[PDB]
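Before any comments, here is the structure.
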Protein chains: 4
Amino acid sequence: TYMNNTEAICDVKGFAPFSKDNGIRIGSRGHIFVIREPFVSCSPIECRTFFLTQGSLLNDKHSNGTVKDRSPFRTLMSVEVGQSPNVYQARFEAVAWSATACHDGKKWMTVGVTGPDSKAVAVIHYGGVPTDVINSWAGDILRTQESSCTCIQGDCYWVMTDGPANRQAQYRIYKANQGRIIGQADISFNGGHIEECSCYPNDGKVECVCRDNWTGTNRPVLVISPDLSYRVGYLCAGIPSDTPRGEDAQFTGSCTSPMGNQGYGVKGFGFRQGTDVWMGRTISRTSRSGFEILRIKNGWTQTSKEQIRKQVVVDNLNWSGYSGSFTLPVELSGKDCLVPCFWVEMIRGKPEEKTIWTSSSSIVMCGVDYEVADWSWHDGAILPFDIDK
Amino acid sequence: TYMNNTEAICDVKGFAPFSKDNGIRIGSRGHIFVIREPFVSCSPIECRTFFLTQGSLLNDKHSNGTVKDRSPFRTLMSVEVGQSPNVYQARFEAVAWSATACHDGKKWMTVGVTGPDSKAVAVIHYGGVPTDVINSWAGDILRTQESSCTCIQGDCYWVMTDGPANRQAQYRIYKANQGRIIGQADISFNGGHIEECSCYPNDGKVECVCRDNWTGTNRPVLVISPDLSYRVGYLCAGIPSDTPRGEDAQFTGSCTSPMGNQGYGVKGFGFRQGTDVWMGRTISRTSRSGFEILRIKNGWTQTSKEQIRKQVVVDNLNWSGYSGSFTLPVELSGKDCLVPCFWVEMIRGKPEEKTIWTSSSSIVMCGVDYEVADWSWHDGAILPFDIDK
Amino acid sequence: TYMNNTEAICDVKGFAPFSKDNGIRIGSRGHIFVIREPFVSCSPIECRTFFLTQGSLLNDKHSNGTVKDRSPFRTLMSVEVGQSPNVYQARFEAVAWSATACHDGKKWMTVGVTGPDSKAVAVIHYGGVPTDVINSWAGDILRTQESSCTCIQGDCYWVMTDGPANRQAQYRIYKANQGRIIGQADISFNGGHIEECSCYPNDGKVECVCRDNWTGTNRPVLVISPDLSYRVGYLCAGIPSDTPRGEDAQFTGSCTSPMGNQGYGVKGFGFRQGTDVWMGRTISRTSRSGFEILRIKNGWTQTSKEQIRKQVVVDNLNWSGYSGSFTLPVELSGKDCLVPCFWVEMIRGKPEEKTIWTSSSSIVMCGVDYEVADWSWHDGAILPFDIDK
Amino acid sequence: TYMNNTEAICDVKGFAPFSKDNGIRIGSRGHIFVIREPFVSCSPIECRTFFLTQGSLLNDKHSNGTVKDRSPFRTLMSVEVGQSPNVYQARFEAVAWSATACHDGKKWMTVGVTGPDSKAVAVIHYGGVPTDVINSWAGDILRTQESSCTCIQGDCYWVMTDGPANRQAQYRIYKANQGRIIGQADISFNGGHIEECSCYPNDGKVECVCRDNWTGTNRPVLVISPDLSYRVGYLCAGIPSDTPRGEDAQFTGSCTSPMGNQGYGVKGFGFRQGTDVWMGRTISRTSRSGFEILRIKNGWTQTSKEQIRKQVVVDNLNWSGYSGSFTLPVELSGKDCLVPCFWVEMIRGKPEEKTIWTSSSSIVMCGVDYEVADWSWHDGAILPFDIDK
Ligand SMILES: CCC(CC)O[C@@H]1CC(C(=O)O)=C[C@@]2(SC(N)=NC2=O)[C@H]1NC(C)=O
Ligand SMILES: CCC(CC)O[C@@H]1CC(C(=O)O)=C[C@@]2(SC(N)=NC2=O)[C@H]1NC(C)=O
Ligand SMILES: CCC(CC)O[C@@H]1CC(C(=O)O)=C[C@@]2(SC(N)=NC2=O)[C@H]1NC(C)=O
Ligand SMILES: CCC(CC)O[C@@H]1CC(C(=O)O)=C[C@@]2(SC(N)=NC2=O)[C@H]1NC(C)=O
Ligand SMILES: [Ca+2]
Ligand SMILES: [Ca+2]
Ligand SMILES: [Ca+2]
Ligand SMILES: [Ca+2]
């Protein structure tokens with residue numbers, strides 16, 4: 001049976017802790033993959049953490065991080081949410097140095113990108129076997145989102161970028177059924193930049209909050225309809241949520257253009273709430289440290305600066321990183337709306353700390369009907385480690 | 001299908017060994033979580049051991065026990081009963097430094113408390129996803145039982161405390177269906193103290209034997225009806241079963257008030273048997289060492305001192321700790337009563353032994369129709385360990 | 001659905017390798033329980049290896065074998081046949097320093113004996129929970145077989161001994177349905193000795209070949225009918241198959257009495273084949289080294305010395321140990337007879353080798369319609385190990 | 001339900017990455033079997049990697065590779081495709097120093113060969129238990145293919161060799177249903193040599209591309225019909241694909257005879273594509289390094305040298321090894337043809353590198369409708385390892 005996912009996103013007043021994997025603390029002694037991107041996606045039976053491994057373990061010499069990001073060894077794997085990315089519980093998914101994954105209600109579909117920068121291949125898997133491919137259309141690091149893709153009534157959707165990471169690139173919507181491409185669309189976005197989209201289903205559409213790695217410190221926003229027509233622009237709110245970024249006071253919002261005139265970025269997310277938005281961001285404006293989520297009244301549709309809620313989940317003394325969106329399937333939450341959820345990656349090691357390696361662990365939060373107090377569910381590993389000596 | 005759990009508790013003459021996990025002995029070399037509270041709860045398919053981890057492994061530097069009890073890293077996880085709390089067999093349950101869990105016959109419901117002492121959040125999970133929350137109502141370490149909660153005909157019940165741990169606090173009964181709160185009640189108990197309840201279903205009610213951490217060396221007793229009306233008081237028996245406590249000879253029982261005038265305590269349990277009671281306690285009156293279970297004739301309803309049975313399961317040369325109640329589901333035992341069962345936590349390390357760490361393992365016993373001989377199923381680990389050097 | 005197991009044992013001309021777990025070789029680096037008695041029993045879905053652990057791992061200090069045989073820590077656990085007794089694949093079964101286990105077609109029934117020598121308790125488990133008990137009836141090390149018990153048409157049968165291990169003891173047949181004792185019988189056997197029976201179903205009866213630890217170098221034989229009437233005696237064959245034992249030439253067989261006048265023994269097995277018997281034994285007459293299986297024509301019913309087949313599975317340069325019987329369920333083999341099968345335990349360490357520890361691994365063989373060549377599937381571990389230094 | 005496997009092989013323009021296990025990189029720290037032959041075979045539910053272990057782990061002294069190839073310890077085991085051959089995820093299959101395995105749609109059938117060189121035994125397993133045997137018919141190392149066997153409409157087929165490995169030997173087709181031999185055939189092939197066949201189903205027949213270890217640098221080709229009649233010869237293409245071999249320019253193809261006049265070989269594969277063939281081979285003509293797959297137009301039926309496609313998957317700077325064929329079941333791919341797939345073993349250690357041990361890892365590729373760019377998914381382990389010092 002296909003998941004509908006046609007419902008509204010739940011209006012939430014805050015976010016409750018779902019899981020914490022403690023991967024790096026455990027990896028001090030246990031057998032844990034070195035990873036990045038521990039994103040979460042759910043079937044109607046369970047939620048899983050997906051991740052990119054380098055084929056190496058924490059506290060081992062192969063965790064030497066001199067080896068390139070897009071290596072022959074990178075592979076998408078997964079465990080149940082809350083479990084560490086340990087070897088002995090891991091399900092293999094795809095060969096990938098960039099990835100996305102989602103469930104249509106019957107099976108898991110994953111997409112793994114590997115191969116050379118100049119001509120990469122994305123391999124779509126469905127139910128445990130490859131079913132289709134997408135080759136690089138523009139010859140420059142074909143790449144996906146690094147979070148959950150989005151299945152609505154049996155058809156699944158995701159966004160891909162091919163081209164420069166610090167200039168104008170090319171962006172495409174892909175649609176598949178049962179692991180087979182049934183439609184695609186070019187995203188016209190001159191002046192704009194789209195990387196690493198965080199999507200969720202809402203009102204029968206796919207909504208995505210992405211990363212501008214060119215000039216924007218506000219986040220691009222894509223709203224995809226089932227027929228592949230779309231709306232694209234920026235998160236209207238007059239508060240920047242990318243990193244690096246300037247102060248809130250020095251920012252004017254925009255629904256259409258990138259603002260802030262800064263390079264770089266970090267993958268992030270946001271949730272529409274009628275006309276409001278929940279927006280994640282690191283606490284530091286310059287570093288990937290701390291994590292907070294703000295509700296901006298009318299921030300989805302207006303250049304609003306009306307901040308009505310603020311919740312801290314990782315304090316500014318602690319390293320964060322990537323963040324992404326997913327929803328709880330109706331079959332699991334028991335609700336008649338789509339509970340909005342996010343994961344926060346917590347990066348340990350290089351370049352901020354004195355080790356030969358880099359990994360991350362995660363905390364996952366789910367939208368609830370109540371205000372939830374500030375705290376810090378930080379990584380907690382004690383660095384440096386044994387191999388670092 | 002919901003479990004009825006409307007049956008009488010079985011009248012038992014003694015207790016047979018169910019399981020022993022040997023976690024710490026195994027953790028000398030294997031990959032085992034450092035834990036506390038290895039409580040047991042059963043679905044109609046199996047019984048699982050739940051536990052609190054600190055995100056660290058035995059024989060690893062992160063097992064340094066200087067890190068606070070209620071830390072960002074603590075997480076409720078579980079394995080099948082008898083298995084060590086090893087990483088590679090563990091199911092993730094909830095972020096929690098205090099917890100309870102039980103099965104309604106369809107799915108597992110768990111409750112995990114985390115967040116700051118002044119404003120803690122309890123996150124209810126049902127079928128693997130968070131479904132509801134309870135925030136601290138009195139601002140002082142919201143906390144649950146650390147043993148199995150209790151599901152009767154599809155509705156599940158548990159007790160929570162918020163407030164001082166050595167003075168008058170506030171106590172509440174919570175009721176949920178399918179992970180959603182459908183009722184609650186304040187427990188009026190002036191002069192009394194309720195911590196860490198050990199509950200079981202009996203005659204269509206929930207009966208709880210708890211821990212008075214204020215002045216009582218006898219144990220408080222709560223009897224909860226489905227409509228949330230209740231009876232609360234103390235275990236009538238003229239024999240104290242908390243720790244620390246005085247000698248039996250210097251004790252007068254009470255059905256209504258705390259007796260003994262001593263602070264502190266340890267989580268424990270008892271089982272109604274008509275008007276008799278089975279009561280667990282450590283053998284030492286001052287230390288958490290040894291474990292014995294006594295049957296007191298008319299000890300549930302009278303200030304009785306008539307001890308008619310005594311069974312030792314952990315000798316006084318060996319460390320014990322927490323103890324808690326659960327029942328065998330009718331679907332598993334094949335009986336028409338609810339087989340009463342308990343677990344005994346066996347704490348190793350600080351503060352009694354010369355190590356940097358603290359963990360525990362467990363032995364689980366189930367009520368049988370026969371007298372069972374004294375023995376000692378103690379932890380057995382050889383301390384100190386490698387990191388302790 | 002209950003297994004019938006009412007069929008004839010298959011007539012076989014030899015034995016084919018089923019599995020080898022390589023536990024000790026793997027345990028040089030992996031996380032493997034120290035064990036003894038790796039017996040095999042099958043459900044209609046799979047065959048599992050059961051074993052006794054001491055709660056310790058190979059290459060760890062807790063594997064120090066100074067700790068008593070019948071310790072508080074011993075526990076019955078299991079894995080699928082061919083898998084090493086590693087921690088992370090192990091299913092917990094029972095607290096036990098002596099054990100038996102079998103499947104009735106619906107669930108697993110196990111029996112674990114633990115507690116003090118003077119008053120031991122045997123706890124019967126059914127479907128993962130304890131369901132019944134047997135206390136020591138004669139006060140001297142209550143104990144079972146250490147191999148598969150036997151289920152026929154839903155009722156399961158096993159043999160137990162209580163009393164001296166080197167003199168006249170007491171022996172009993174037990175019968176259970178769904179983990180509940182429904183019948184028992186005393187075995188009258190003056191002059192005889194029964195230990196560690198290896199049973200299988202055949203023609204609607206349970207046949208057992210056991211170990212005389214008193215004076216017999218031939219093996220006692222018990223044939224149990226469903227109503228608990230029985231036939232008891234010795235394996236008629238004029239060839240001794242216990243260890244230690246004398247030469248074949250110096251032996252006269254007996255159907256009724258122990259022959260050989262020697263103490264000690266080793267658990268072993270045999271299979272009726274019409275009037276023939278397959279009999280296992282170590283190759284050495286004095287040591288537990290080597291393993292061979294002989295077919296003696298008319299050896300079940302006559303003092304025959306007519307040896308018609310001989311197959312070696314472990315050469316005399318290599319350590320063996322215990323051996324036991326089980327059958328392939330009809331639902332798995334696809335046959336209309338009960339394929340006879342055995343396991344050979346291979347003991348490494350003390351007292352024969354220079355280590356602080358003792359464990360064993362196994363090879364499992366199944367009866368086939370063809371003559372199978374001699375070879376040696378010995379343990380293969382390289383001793384001593386790391387902790388031994 | 002039996003798998004049909006009566007469909008045509010899909011015509012493919014190239015091959016997409018399916019999985020990479022990274023076993024040796026992981027085995028630097030994790031608990032990974034030392035293996036060879038990581039072949040892949042699929043049920044309608046999943047694809048598994050099968051492998052031969054020596055009962056030892058990477059980075060352990062038992063991985064000393066002085067121990068013979070056909071040892072008492074070798075055992076066929078399996079994991080899901082993409083997973084490392086780690087202990088704690090491994091399913092035991094058979095005792096074997098040579099093996100094959102395939103799924104008929106209901107259960108797994110495996111065949112494991114063990115025992116002495118002069119009189120080996122092959123034990124057929126079906127659904128987890130041995131069901132039949134084949135003894136050596138010619139007394140000289142009975143042996144199978146080391147890749148997936150082939151099930152068509154419930155009957156499974158495989159090729160076996162018995163006799164010299166560098167001269168004329170004897171070759172046989174075996175056919176089984178439900179693990180029971182129902183037919184066999186001798187392969188008449190004077191002057192020819194057949195080893196280690198790589199088979200797949202195509203048009204209702206089994207097609208096999210094998211290894212001539214006698215004089216052929218081209219590969220023998222066997223086409224088996226359900227009634228055991230067959231066609232046997234050499235891959236017609238005028239391009240040699242065994243290793244060692246000469247240059248392409250110095251080669252004339254043959255449909256009937258071995259060409260090249262060289263000894264030795266390596267297991268390989270090829271796929272019929274109408275009259276074309278996809279042929280795998282190492283890049284080096286003399287070493288097992290690099291891996292490429294070529295499409296030769298009319299190369300199945302003619303001495304063609306018309307190379308129309310070439311795809312590199314392992315570069316010539318990196319070690320390869322064995323390679324083998326399997327297909328995606330229709331139930332998994334969703335197609336109406338049989339997606340052709342292969343695995344490439346990547347051997348690390350002796351004799352090419354300075355270590356005491358030898359293992360391999362793998363990359364698996366599946367046929368797709370698009371041209372896929374050259375890359376190198378090599379093993380990646382950093383040698384030597386810890387025990388090598
Ligand atoms: C701008 C996003 C992307 C463009 C190539 O680059 C990712 C940046 C980045 C980071 O931590 O900021 C980490 C990434 S996320 C990923 N898959 N691996 C990375 O190292 C970069 N992505 C790729 C495919 O190289
Ligand atoms: C009186 C029970 C409770 C009150 C805060 O304190 C627990 C005492 C205690 C002990 O071993 O005695 C261990 C506990 S049980 C638990 N969850 N962790 C602990 O360290 C204390 N509970 C909390 C939430 O901090
Ligand atoms: C004669 C069988 C039994 C009588 C107490 O003693 C077993 C002998 C023995 C051996 O290797 O010979 C090993 C055993 S088998 C087992 N369960 N553990 C052992 O150490 C002995 N059994 C007991 C319950 O102590
Ligand atoms: C020619 C194939 C076979 C003939 C005995 O010998 C295999 C050669 C070989 C190699 O890497 O080239 C490795 C093999 S494949 C295998 N099962 N083990 C090996 O060591 C050889 N096979 C046997 C049964 O010994
Ligand atoms: Ca940016
Ligand atoms: Ca107290
Ligand atoms: Ca004897
Ligand atoms: Ca050759």
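Identifiers for the structure tokens are assigned positionally: chains receive A, B, ... in sequence, residues are indexed from 1 per chain, and ligands are indexed from 1 in the order shown.
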Exercise. Name the residues of range 48-189 of chain B that come out as strand (DSSP E or B) in a backbone DSSP run; write them as an MDAnalysis selection string.
Key: chainID B and resid 48:57 75:80 86 91:95 98:103 108:114 121:126 129:135 143 148 150:152 155:162 170:177 180:186
Quiz item: Residues within 6 Å of ligand 3 (only C-alpha atoms and all ligand atoms), as JSON, numbers by chain?
Solution: {"C": [69, 70, 97, 98, 143, 165, 195, 213, 266]}
Pull C-alpha atoms from the residues just selected and write them as a compact mmCIF listing (two decimals), in the first residue's frame.
```
# COMPACT_ATOMS: atom_id res chain seq x y z
CA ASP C 69 31.69 -25.99 36.59
CA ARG C 70 28.35 -25.43 38.27
CA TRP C 97 24.98 -25.45 34.32
CA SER C 98 23.24 -28.50 32.83
CA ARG C 143 21.17 -32.85 35.95
CA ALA C 165 28.30 -39.61 39.55
CA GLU C 195 24.24 -39.90 32.55
CA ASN C 213 30.07 -43.22 34.67
CA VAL C 266 32.19 -39.34 28.07
```
Exercise. For chain A, work out the contacting residues on chain B at 10 Å, counting only C-alpha atoms, and write them as number ranges by chain.
Key: B: 30-33, 53-63, 71-77, 87-96, 112-116, 118-136, 178-180
Practice problem: May I have the residues within 12 Å of residue 294 in chain C as a PyMOL selection string, using only C-alpha atoms and disregarding those fewer than 6 positions away in the same chain? | Solution: chain C and resi 12-15+237+239-241+269-273+276-283+305-313
Please produce a file of the residues just selected, as a tab-separated table (two decimals), in the first residue's frame, where the atoms kept are N, CA and C atoms.
```tsv
chain	number	residue	atom	x	y	z
C	12	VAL	N	21.14	-45.25	6.94
C	12	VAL	CA	22.16	-44.46	6.27
C	12	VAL	C	23.45	-45.25	6.15
C	13	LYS	N	24.21	-44.97	5.10
C	13	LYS	CA	25.47	-45.67	4.87
C	13	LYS	C	26.66	-44.81	5.29
C	14	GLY	N	26.39	-43.61	5.77
C	14	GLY	CA	27.47	-42.73	6.14
C	14	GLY	C	26.98	-41.34	6.48
C	15	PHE	N	27.93	-40.46	6.75
C	15	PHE	CA	27.57	-39.17	7.30
C	15	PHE	C	28.27	-38.00	6.60
C	237	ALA	N	25.87	-54.54	21.36
C	237	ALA	CA	27.10	-54.75	20.58
C	237	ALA	C	28.31	-55.14	21.42
C	239	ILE	N	31.23	-54.38	21.17
C	239	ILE	CA	32.26	-53.37	20.99
C	239	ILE	C	31.97	-52.18	21.92
C	240	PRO	N	32.91	-51.86	22.81
C	240	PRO	CA	32.72	-50.76	23.77
C	240	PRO	C	32.88	-49.40	23.07
C	241	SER	N	32.03	-48.43	23.40
C	241	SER	CA	32.14	-47.10	22.77
C	241	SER	C	32.20	-45.92	23.75
C	269	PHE	N	26.68	-41.15	21.76
C	269	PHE	CA	25.41	-41.40	21.08
C	269	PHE	C	25.52	-42.68	20.26
C	270	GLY	N	24.37	-43.15	19.78
C	270	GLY	CA	24.31	-44.23	18.83
C	270	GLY	C	22.98	-44.17	18.09
C	271	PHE	N	22.91	-44.76	16.90
C	271	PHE	CA	21.64	-44.82	16.17
C	271	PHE	C	21.22	-46.24	15.80
C	272	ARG	N	20.05	-46.65	16.28
C	272	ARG	CA	19.44	-47.88	15.81
C	272	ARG	C	19.25	-47.83	14.28
C	273	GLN	N	19.54	-48.95	13.62
C	273	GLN	CA	19.29	-49.12	12.20
C	273	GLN	C	18.71	-50.52	12.02
C	276	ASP	N	20.81	-53.21	13.38
C	276	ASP	CA	22.16	-52.65	13.41
C	276	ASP	C	22.21	-51.42	14.32
C	277	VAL	N	23.42	-50.95	14.60
C	277	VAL	CA	23.59	-49.70	15.31
C	277	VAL	C	24.75	-48.93	14.71
C	278	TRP	N	24.60	-47.61	14.62
C	278	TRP	CA	25.75	-46.74	14.40
C	278	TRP	C	26.20	-46.31	15.78
C	279	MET	N	27.48	-46.45	16.07
C	279	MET	CA	27.98	-46.05	17.37
C	279	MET	C	29.17	-45.11	17.24
C	280	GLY	N	29.08	-43.96	17.91
C	280	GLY	CA	30.19	-43.03	17.94
C	280	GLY	C	31.15	-43.38	19.05
C	281	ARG	N	32.40	-42.96	18.89
C	281	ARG	CA	33.39	-43.06	19.96
C	281	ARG	C	34.63	-42.29	19.58
C	282	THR	N	35.41	-41.94	20.58
C	282	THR	CA	36.70	-41.33	20.34
C	282	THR	C	37.61	-42.42	19.80
C	283	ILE	N	38.65	-42.03	19.08
C	283	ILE	CA	39.54	-43.02	18.52
C	283	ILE	C	40.42	-43.58	19.63
C	305	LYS	N	29.95	-58.47	16.89
C	305	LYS	CA	31.23	-57.83	16.70
C	305	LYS	C	31.43	-57.62	15.20
C	306	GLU	N	30.37	-57.82	14.42
C	306	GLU	CA	30.46	-57.69	12.97
C	306	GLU	C	30.46	-56.23	12.54
C	307	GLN	N	31.65	-55.66	12.41
C	307	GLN	CA	31.74	-54.27	12.00
C	307	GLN	C	31.71	-54.17	10.48
C	308	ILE	N	30.71	-53.47	9.95
C	308	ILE	CA	30.55	-53.39	8.50
C	308	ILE	C	30.87	-52.04	7.88
C	309	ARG	N	30.95	-50.99	8.69
C	309	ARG	CA	31.37	-49.67	8.20
C	309	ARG	C	32.16	-48.93	9.27
C	310	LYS	N	33.08	-48.08	8.83
C	310	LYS	CA	33.82	-47.22	9.74
C	310	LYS	C	34.15	-45.90	9.06
C	311	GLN	N	33.75	-44.80	9.69
C	311	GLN	CA	33.99	-43.47	9.14
C	311	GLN	C	34.64	-42.57	10.19
C	312	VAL	N	35.76	-41.97	9.82
C	312	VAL	CA	36.47	-41.04	10.69
C	312	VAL	C	36.11	-39.61	10.30
C	313	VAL	N	35.85	-38.79	11.32
C	313	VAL	CA	35.48	-37.39	11.12
C	313	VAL	C	36.44	-36.46	11.85
```
Self-check item: Site check for ligand 4: residues at most 10 Å away, only C-alpha atoms and all ligand atoms, as a PyMOL selection string
Solution: chain D and resi 35-37+51-52+68-71+74+96-100+113-114+117+140-146+161-166+193-197+211-214+243+264-267+288+321-322+347
Quiz item: Any idea what's packed within 12 Å of residue 41 in chain C, counting only C-alpha atoms, ignoring anything in its chain fewer than 4 positions away? Could you give it as a ChimeraX atom specification?
Solution: /C:45-51,78-81,100-105,108-110,146-151,198-200,324-329,340-343,364
Output for the residues just chosen: C-alpha atoms as a PDB file, in the first residue's frame:
```pdb
ATOM      1  CA  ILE C  45      12.316 -24.024  10.352  1.00  0.00           C
ATOM      2  CA  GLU C  46      15.962 -24.365  11.405  1.00  0.00           C
ATOM      3  CA  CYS C  47      18.588 -26.148  13.472  1.00  0.00           C
ATOM      4  CA  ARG C  48      20.286 -24.317  16.327  1.00  0.00           C
ATOM      5  CA  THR C  49      23.423 -24.915  18.336  1.00  0.00           C
ATOM      6  CA  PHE C  50      22.825 -24.675  22.063  1.00  0.00           C
ATOM      7  CA  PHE C  51      25.689 -24.201  24.504  1.00  0.00           C
ATOM      8  CA  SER C  78      21.946 -20.568  21.296  1.00  0.00           C
ATOM      9  CA  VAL C  79      22.780 -19.558  17.742  1.00  0.00           C
ATOM     10  CA  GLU C  80      21.893 -21.001  14.327  1.00  0.00           C
ATOM     11  CA  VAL C  81      23.850 -24.153  13.479  1.00  0.00           C
ATOM     12  CA  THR C 100      18.441 -29.883  27.359  1.00  0.00           C
ATOM     13  CA  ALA C 101      16.308 -28.341  24.566  1.00  0.00           C
ATOM     14  CA  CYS C 102      13.942 -29.386  21.784  1.00  0.00           C
ATOM     15  CA  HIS C 103      11.143 -28.059  19.566  1.00  0.00           C
ATOM     16  CA  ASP C 104       7.603 -29.469  19.522  1.00  0.00           C
ATOM     17  CA  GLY C 105       6.773 -27.876  16.167  1.00  0.00           C
ATOM     18  CA  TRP C 108      11.083 -24.198  21.704  1.00  0.00           C
ATOM     19  CA  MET C 109      11.080 -25.927  25.065  1.00  0.00           C
ATOM     20  CA  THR C 110      14.270 -25.718  27.096  1.00  0.00           C
ATOM     21  CA  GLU C 146      23.405 -31.909  27.436  1.00  0.00           C
ATOM     22  CA  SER C 147      21.862 -32.693  24.032  1.00  0.00           C
ATOM     23  CA  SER C 148      18.538 -32.358  22.241  1.00  0.00           C
ATOM     24  CA  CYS C 149      15.438 -33.656  23.999  1.00  0.00           C
ATOM     25  CA  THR C 150      12.705 -35.307  21.997  1.00  0.00           C
ATOM     26  CA  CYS C 151       9.252 -34.153  20.961  1.00  0.00           C
ATOM     27  CA  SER C 198      21.569 -38.770  23.671  1.00  0.00           C
ATOM     28  CA  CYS C 199      18.049 -39.332  22.394  1.00  0.00           C
ATOM     29  CA  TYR C 200      16.166 -39.290  19.102  1.00  0.00           C
ATOM     30  CA  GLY C 324      25.176 -36.207  20.841  1.00  0.00           C
ATOM     31  CA  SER C 325      22.176 -37.114  18.690  1.00  0.00           C
ATOM     32  CA  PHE C 326      19.360 -35.208  17.001  1.00  0.00           C
ATOM     33  CA  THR C 327      17.165 -35.725  13.933  1.00  0.00           C
ATOM     34  CA  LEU C 328      16.244 -33.615  10.916  1.00  0.00           C
ATOM     35  CA  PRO C 329      12.549 -32.747  11.031  1.00  0.00           C
ATOM     36  CA  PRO C 340      19.812 -39.216  11.984  1.00  0.00           C
ATOM     37  CA  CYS C 341      22.391 -36.550  12.871  1.00  0.00           C
ATOM     38  CA  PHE C 342      25.154 -35.921  15.390  1.00  0.00           C
ATOM     39  CA  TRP C 343      27.469 -33.240  16.683  1.00  0.00           C
ATOM     40  CA  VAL C 364      27.829 -31.517  12.797  1.00  0.00           C
TER      41      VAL C 364
END
```
Exercise. Please indicate the distance in Å from atom 15 (S, counted along the ligand's line) of ligand 1 to CA of residue 67 in chain A, rounded to one decimal place.
Key: 14.3 Å
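Note that the spacing between atom 2 (C, counted along the ligand's line) of ligand 2 and CA of residue 169 in chain B amounts to 11.5 Å.
In this comparison, which uses only C-alpha atoms and all ligand atoms, the residue of A:351, A:201, A:191, A:260 approaching ligand 5 most closely is A:260.
CA of residue 172 in chain C lies 11.7 Å from CA of residue 232 in chain C.
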Self-check item: alpha helix (DSSP H) per DSSP on the backbone: members of range 269-389 of chain D, as JSON, numbers by chain
Solution: {"D": [330, 331, 332, 333]}
Quiz item: Which polymer residues have any atom within 8 Å of an atom of residue 106 in chain D, counting only C-alpha atoms, with same-chain residues fewer than 6 positions away left out, as a ChimeraX atom specification?
Solution: /D:1-3
I need the chosen residues saved as a PDB file, in the first residue's frame, with N, CA and C atoms.
```
ATOM      1  N   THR D   1       6.529 -20.186  -4.207  1.00  0.00           N
ATOM      2  CA  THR D   1       6.433 -20.032  -5.658  1.00  0.00           C
ATOM      3  C   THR D   1       7.804 -20.083  -6.304  1.00  0.00           C
ATOM      4  N   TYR D   2       7.946 -20.932  -7.320  1.00  0.00           N
ATOM      5  CA  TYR D   2       9.204 -21.028  -8.052  1.00  0.00           C
ATOM      6  C   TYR D   2       9.399 -19.817  -8.955  1.00  0.00           C
ATOM      7  N   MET D   3      10.635 -19.342  -9.045  1.00  0.00           N
ATOM      8  CA  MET D   3      11.004 -18.363 -10.056  1.00  0.00           C
ATOM      9  C   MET D   3      11.002 -19.000 -11.445  1.00  0.00           C
TER      10      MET D   3
END
```
